[PDB]
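Peer 1: work-v3.cif is reproduced in full below (mmCIF, C-alpha atoms).
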```
data_work
#
loop_
_atom_site.group_PDB
_atom_site.id
_atom_site.type_symbol
_atom_site.label_atom_id
_atom_site.label_comp_id
_atom_site.auth_asym_id
_atom_site.auth_seq_id
_atom_site.Cartn_x
_atom_site.Cartn_y
_atom_site.Cartn_z
ATOM 1 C CA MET C 1 5.380 -3.130 -8.625
ATOM 2 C CA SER C 2 7.730 -0.820 -6.672
ATOM 3 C CA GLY C 3 8.381 2.856 -7.539
ATOM 4 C CA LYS C 4 11.531 4.991 -7.893
ATOM 5 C CA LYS C 5 14.556 4.615 -5.575
ATOM 6 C CA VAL C 6 15.725 7.551 -3.422
ATOM 7 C CA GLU C 7 19.124 7.947 -1.731
ATOM 8 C CA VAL C 8 18.886 9.656 1.683
ATOM 9 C CA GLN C 9 22.039 10.963 3.439
ATOM 10 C CA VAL C 10 21.530 11.557 7.204
ATOM 11 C CA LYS C 11 24.169 13.621 9.044
ATOM 12 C CA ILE C 12 23.745 14.158 12.829
ATOM 13 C CA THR C 13 26.174 16.050 15.130
ATOM 14 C CA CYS C 14 26.246 15.544 18.951
ATOM 15 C CA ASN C 15 28.925 16.907 21.433
ATOM 16 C CA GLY C 16 30.881 18.056 18.313
ATOM 17 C CA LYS C 17 30.938 14.458 16.962
ATOM 18 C CA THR C 18 29.324 13.701 13.586
ATOM 19 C CA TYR C 19 27.547 10.418 12.661
ATOM 20 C CA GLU C 20 26.713 10.250 8.908
ATOM 21 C CA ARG C 21 25.597 7.556 6.401
ATOM 22 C CA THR C 22 23.895 7.452 2.956
ATOM 23 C CA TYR C 23 20.936 4.987 2.674
ATOM 24 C CA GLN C 24 19.141 3.525 -0.379
ATOM 25 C CA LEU C 25 15.324 3.500 0.138
ATOM 26 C CA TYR C 26 13.353 1.458 -2.457
ATOM 27 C CA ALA C 27 9.572 1.351 -1.794
ATOM 28 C CA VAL C 28 6.278 0.576 -3.570
ATOM 29 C CA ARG C 29 4.054 3.038 -1.618
ATOM 30 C CA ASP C 30 4.703 6.599 -0.313
ATOM 31 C CA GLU C 31 3.624 5.256 3.127
ATOM 32 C CA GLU C 32 6.299 2.487 2.865
ATOM 33 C CA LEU C 33 9.042 5.063 2.084
ATOM 34 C CA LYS C 34 7.808 7.198 5.107
ATOM 35 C CA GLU C 35 8.204 4.293 7.620
ATOM 36 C CA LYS C 36 11.594 3.486 5.959
ATOM 37 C CA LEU C 37 12.656 7.122 6.685
ATOM 38 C CA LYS C 38 11.452 6.577 10.312
ATOM 39 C CA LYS C 39 13.624 3.411 10.619
ATOM 40 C CA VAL C 40 16.712 5.271 9.212
ATOM 41 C CA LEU C 41 16.100 8.298 11.540
ATOM 42 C CA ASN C 42 15.680 5.941 14.589
ATOM 43 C CA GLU C 43 18.850 4.021 13.528
ATOM 44 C CA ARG C 44 20.912 7.268 13.567
ATOM 45 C CA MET C 45 19.272 8.247 16.915
ATOM 46 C CA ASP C 46 19.817 4.780 18.565
ATOM 47 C CA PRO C 47 23.504 5.475 19.806
ATOM 48 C CA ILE C 48 22.505 9.185 20.291
ATOM 49 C CA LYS C 49 19.787 8.356 22.919
ATOM 50 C CA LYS C 50 22.446 6.253 24.733
ATOM 51 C CA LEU C 51 24.478 9.547 24.776
ATOM 52 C CA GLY C 52 21.446 11.578 25.964
ATOM 53 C CA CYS C 53 22.532 14.511 23.805
ATOM 54 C CA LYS C 54 21.231 17.859 25.250
ATOM 55 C CA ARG C 55 20.908 19.177 21.651
ATOM 56 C CA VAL C 56 21.531 17.601 18.192
ATOM 57 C CA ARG C 57 21.385 18.879 14.598
ATOM 58 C CA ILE C 58 20.344 16.524 11.761
ATOM 59 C CA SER C 59 20.822 17.424 8.051
ATOM 60 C CA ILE C 60 19.085 15.136 5.504
ATOM 61 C CA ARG C 61 19.981 15.246 1.776
ATOM 62 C CA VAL C 62 17.673 13.597 -0.819
ATOM 63 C CA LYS C 63 18.724 12.374 -4.305
ATOM 64 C CA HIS C 64 16.371 13.466 -7.152
ATOM 65 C CA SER C 65 15.558 10.948 -9.978
ATOM 66 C CA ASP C 66 16.284 13.580 -12.694
ATOM 67 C CA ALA C 67 17.280 17.295 -13.217
ATOM 68 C CA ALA C 68 13.959 18.522 -14.739
ATOM 69 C CA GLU C 69 12.076 16.471 -12.065
ATOM 70 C CA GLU C 70 13.979 18.202 -9.170
ATOM 71 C CA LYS C 71 11.546 21.163 -8.585
ATOM 72 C CA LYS C 72 8.322 19.052 -8.398
ATOM 73 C CA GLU C 73 10.155 16.046 -6.846
ATOM 74 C CA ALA C 74 11.655 18.181 -4.049
ATOM 75 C CA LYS C 75 8.128 19.478 -3.145
ATOM 76 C CA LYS C 76 6.676 15.903 -3.509
ATOM 77 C CA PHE C 77 9.313 14.312 -1.211
ATOM 78 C CA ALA C 78 9.198 17.433 1.026
ATOM 79 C CA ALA C 79 5.638 16.386 1.964
ATOM 80 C CA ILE C 80 6.951 12.827 2.637
ATOM 81 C CA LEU C 81 9.735 13.992 5.040
ATOM 82 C CA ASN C 82 7.540 16.727 6.711
ATOM 83 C CA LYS C 83 4.871 14.058 7.451
ATOM 84 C CA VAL C 84 7.608 11.730 8.932
ATOM 85 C CA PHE C 85 8.919 14.627 11.100
ATOM 86 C CA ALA C 86 5.339 15.313 12.361
ATOM 87 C CA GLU C 87 4.866 11.511 12.996
ATOM 88 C CA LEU C 88 8.110 11.357 15.098
ATOM 89 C CA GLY C 89 7.311 14.411 17.316
ATOM 90 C CA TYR C 90 9.245 17.212 15.491
ATOM 91 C CA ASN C 91 7.639 20.708 15.226
ATOM 92 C CA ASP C 92 7.433 22.895 12.045
ATOM 93 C CA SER C 93 9.632 25.509 13.859
ATOM 94 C CA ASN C 94 12.348 22.787 14.262
ATOM 95 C CA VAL C 95 12.522 21.957 10.487
ATOM 96 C CA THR C 96 14.438 24.197 7.983
ATOM 97 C CA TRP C 97 14.364 23.455 4.179
ATOM 98 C CA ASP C 98 17.257 24.535 1.872
ATOM 99 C CA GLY C 99 17.047 23.017 -1.652
ATOM 100 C CA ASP C 100 17.639 19.203 -1.724
ATOM 101 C CA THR C 101 18.635 19.313 1.991
ATOM 102 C CA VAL C 102 16.402 19.660 5.111
ATOM 103 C CA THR C 103 17.948 20.393 8.506
ATOM 104 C CA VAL C 104 15.985 19.337 11.593
ATOM 105 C CA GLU C 105 17.134 20.288 15.131
ATOM 106 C CA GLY C 106 16.048 18.661 18.398
ATOM 107 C CA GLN C 107 16.846 17.824 22.013
ATOM 108 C CA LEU C 108 16.834 14.590 24.065
ATOM 109 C CA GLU C 109 15.822 14.223 27.737
ATOM 110 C CA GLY C 110 19.224 12.653 28.683
ATOM 111 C CA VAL C 111 21.776 15.129 30.108
ATOM 112 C CA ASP C 112 19.102 17.856 30.384
ATOM 113 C CA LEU C 113 16.150 16.297 32.285
ATOM 114 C CA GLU C 114 14.510 19.762 32.674
ATOM 115 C CA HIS C 115 11.817 19.365 29.972
ATOM 116 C CA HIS C 116 10.148 22.709 29.082
ATOM 117 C CA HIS C 117 6.609 22.270 30.510
ATOM 118 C CA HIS C 118 3.745 24.683 29.596
ATOM 119 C CA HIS C 119 3.302 27.618 32.070
ATOM 120 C CA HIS C 120 0.904 26.887 34.985
#
```
When written as structure tokens, how does the structure in this file appear?
Peer 2:
Amino acid sequence: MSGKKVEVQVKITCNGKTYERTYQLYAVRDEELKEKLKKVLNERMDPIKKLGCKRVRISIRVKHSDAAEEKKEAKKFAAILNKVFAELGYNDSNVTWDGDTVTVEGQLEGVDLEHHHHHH
């Protein structure tokens, strides 16, 4: 049945206030883990959309199943998170990878309603 378990720590800062929690994601398919990541990301963004934060920074740390596995597993999971980011509306220029941790930055249309529209 189901595959390996990953622990995902999501840390988001808005208005100088940090919301952080570590989650256990146990899935059978890669696709199941992806939608689980989406649910966790939405969960951390739920009170943050109510705040309408002009800009937020999210750092996500992933637990690797073993030490030797880390290099291949980081790249393997990296595809999983990058696909989730692209499925949620985050750009490649908004995602920065550093080892076992990926930091994604973004803005909400709450306080700042002046969305950057393409030049006409």
Peer 1: For the file shown, what are the residues hit by the PyMOL selection byres ((chain C and resi 31) around 12), laid out as a short mmCIF file (atom, residue, chain, number, x, y, z; two decimals) with C-alpha atoms, in the frame of the given file?
Peer 2:
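Below is the file out-v9.cif, written as the result:
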```cif
data_model
loop_
_atom_site.label_atom_id
_atom_site.label_comp_id
_atom_site.auth_asym_id
_atom_site.auth_seq_id
_atom_site.Cartn_x
_atom_site.Cartn_y
_atom_site.Cartn_z
CA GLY C 3 8.38 2.86 -7.54
CA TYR C 26 13.35 1.46 -2.46
CA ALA C 27 9.57 1.35 -1.79
CA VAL C 28 6.28 0.58 -3.57
CA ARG C 29 4.05 3.04 -1.62
CA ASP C 30 4.70 6.60 -0.31
CA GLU C 32 6.30 2.49 2.86
CA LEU C 33 9.04 5.06 2.08
CA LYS C 34 7.81 7.20 5.11
CA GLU C 35 8.20 4.29 7.62
CA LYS C 36 11.59 3.49 5.96
CA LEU C 37 12.66 7.12 6.68
CA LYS C 38 11.45 6.58 10.31
CA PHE C 77 9.31 14.31 -1.21
CA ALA C 79 5.64 16.39 1.96
CA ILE C 80 6.95 12.83 2.64
CA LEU C 81 9.74 13.99 5.04
CA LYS C 83 4.87 14.06 7.45
CA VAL C 84 7.61 11.73 8.93
CA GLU C 87 4.87 11.51 13.00
#
```
Peer 1: Decode the PyMOL selection byres ((chain C and resi 54-61) around 7) for the given file into explicit residues and return them as number ranges by chain.
Peer 2: C: 8-14, 52-53, 62-63, 100-112
Peer 1: Write the selection just made, keeping C-alpha atoms, as a PDB file, keeping the file's coordinate frame?
Peer 2:
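Below you can see selection_15.pdb, which holds the result:
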```pdb
ATOM      1  CA  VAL C   8      18.886   9.656   1.683  1.00  0.00           C
ATOM      2  CA  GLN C   9      22.039  10.963   3.439  1.00  0.00           C
ATOM      3  CA  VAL C  10      21.530  11.557   7.204  1.00  0.00           C
ATOM      4  CA  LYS C  11      24.169  13.621   9.044  1.00  0.00           C
ATOM      5  CA  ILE C  12      23.745  14.158  12.829  1.00  0.00           C
ATOM      6  CA  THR C  13      26.174  16.050  15.130  1.00  0.00           C
ATOM      7  CA  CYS C  14      26.246  15.544  18.951  1.00  0.00           C
ATOM      8  CA  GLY C  52      21.446  11.578  25.964  1.00  0.00           C
ATOM      9  CA  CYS C  53      22.532  14.511  23.805  1.00  0.00           C
ATOM     10  CA  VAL C  62      17.673  13.597  -0.819  1.00  0.00           C
ATOM     11  CA  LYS C  63      18.724  12.374  -4.305  1.00  0.00           C
ATOM     12  CA  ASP C 100      17.639  19.203  -1.724  1.00  0.00           C
ATOM     13  CA  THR C 101      18.635  19.313   1.991  1.00  0.00           C
ATOM     14  CA  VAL C 102      16.402  19.660   5.111  1.00  0.00           C
ATOM     15  CA  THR C 103      17.948  20.393   8.506  1.00  0.00           C
ATOM     16  CA  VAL C 104      15.985  19.337  11.593  1.00  0.00           C
ATOM     17  CA  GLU C 105      17.134  20.288  15.131  1.00  0.00           C
ATOM     18  CA  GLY C 106      16.048  18.661  18.398  1.00  0.00           C
ATOM     19  CA  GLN C 107      16.846  17.824  22.013  1.00  0.00           C
ATOM     20  CA  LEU C 108      16.834  14.590  24.065  1.00  0.00           C
ATOM     21  CA  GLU C 109      15.822  14.223  27.737  1.00  0.00           C
ATOM     22  CA  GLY C 110      19.224  12.653  28.683  1.00  0.00           C
ATOM     23  CA  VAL C 111      21.776  15.129  30.108  1.00  0.00           C
ATOM     24  CA  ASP C 112      19.102  17.856  30.384  1.00  0.00           C
TER      25      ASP C 112
END
```
Peer 1: Around all of range 24-43 of chain C's listed atoms, make the axis-aligned box with 8 Å on each side and tell me centre and edge lengths in Å to one decimal, as lines of an AutoDock Vina configuration file.
Peer 2:
```
center_x = 11.4
center_y = 4.4
center_z = 5.5
size_x = 31.5
size_y = 23.7
size_z = 34.2
```
Peer 1: For CA of residue 23 in chain C and CA of residue 40 in chain C, determine how far apart the two atoms are, in Å to one decimal place.
Peer 2: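 Value for the CA of residue 23 in chain C-CA of residue 40 in chain C distance: 7.8 Å.
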Peer 1: Could you check the closest approach to residue 45 in chain C for each of C:120, C:20, C:115, C:5 and tell me which residue wins, using all atoms listed in the file?
Peer 2: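 Looking only at the distances to residue 45 in chain C, the closest residue turns out to be C:20.
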